[PDB]
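Report on the following structure.
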Amino acid sequence: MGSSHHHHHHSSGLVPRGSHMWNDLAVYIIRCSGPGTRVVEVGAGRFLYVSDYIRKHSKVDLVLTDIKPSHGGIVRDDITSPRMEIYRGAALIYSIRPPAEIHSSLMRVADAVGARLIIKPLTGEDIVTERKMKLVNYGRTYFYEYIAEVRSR
């Protein structure tokens, strides 16, 4: 009895183009994860190109996280005191243009949940962190990834 098919998708799909250098980044993440899992986008805010591109290429549960968003789909939670419950169960966690101060908080989250942390910094600006992350080049775009190792069984 009953129907649990409530199609609520109130969302203005405005995605800035010209993000060719971001395209490969999305594809890279897509290949690392895929459909039937969770991917967390930190620093979504007002730039949802990557996550949208990913969710269109693969029906992966893309979870957007940012403080006080204006877009339907972003988890309106907190990052200065993050809820691990949101990040747990994710296959990959990436951050779009992260400040060189909260990176440490992101690294421990990835390490906790067991997901690959991908940071897209500036072309000529460092993250100012410990030697943990690695510079990777995909297509033409370069970024920093971190493989959070899984706990022993």
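Position one of the sequence shown corresponds to residue 1 (PDB author numbering), numbered consecutively onward. Ideal placement from N, C-alpha and C gives every residue a C-beta, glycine not left out.
Quick one, which of the options has its alpha-carbon nearest residue i's?
i, options, result
"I29", "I119, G124, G89", "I119"
"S104", "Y142, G72, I127", "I127"
"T123", "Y138, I79, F143", "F143"
"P99", "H20, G72, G43", "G43"
"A148", "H10, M1, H9, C32", "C32"
"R108", "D61, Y146, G2", "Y146"
"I67", "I54, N137, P82, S58", "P82"
"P35", "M21, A91, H10, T80", "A91"
"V40", "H5, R88, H57", "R88"
"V150", "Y138, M21, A110, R140", "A110"
"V63", "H20, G73, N23", "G73"
"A112", "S152, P121, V50", "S152"
Looking at the ligand FAD, does it come within less than 6 angstroms of residue i, judged from the CB to the closest heavy atom?
i, result
"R88", "Among the ligands in the structure shown, none appear at all, so the ligand FAD cannot be discussed."
What number of angstroms, rounded off, separates the C-alpha of residue i from the C-alpha of residue j?
i, j, result
"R46", "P69", "8 angstroms"
"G18", "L25", "14 angstroms"
"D77", "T65", "7 angstroms"
"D52", "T37", "15 angstroms"
"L117", "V75", "19 angstroms"
"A115", "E85", "14 angstroms"
"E130", "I102", "13 angstroms"
"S95", "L106", "8 angstroms"
"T80", "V60", "26 angstroms"
"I54", "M133", "23 angstroms"
"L135", "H6", "43 angstroms"
Could you name the residues that DSSP lists as bridge partners for residue i?
i, result
"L64", "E41, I74"
"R116", "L92, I147"
"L14", "DSSP lists no partner for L14."
"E125", "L122"
The alpha helix (DSSP H) with residue i in it runs from where to where?
i, result
"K56", "49-57"
"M1", "Looking at the DSSP string, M1 is not in any alpha helix (DSSP H), and its letter there is neither H nor E."
"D24", "20-32"
"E85", "84-87"
Starting from residue i, follow the beta strand (DSSP E) in both directions and report where the run begins and ends.
i, result
"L135", "134-138"
Comparing the C-beta of residue i with each C-beta of chain D, is any distance below 7 angstroms?
i, result
"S4", "Judged by its chain identifiers, the structure shown contains no chain D, having just a single protein chain."
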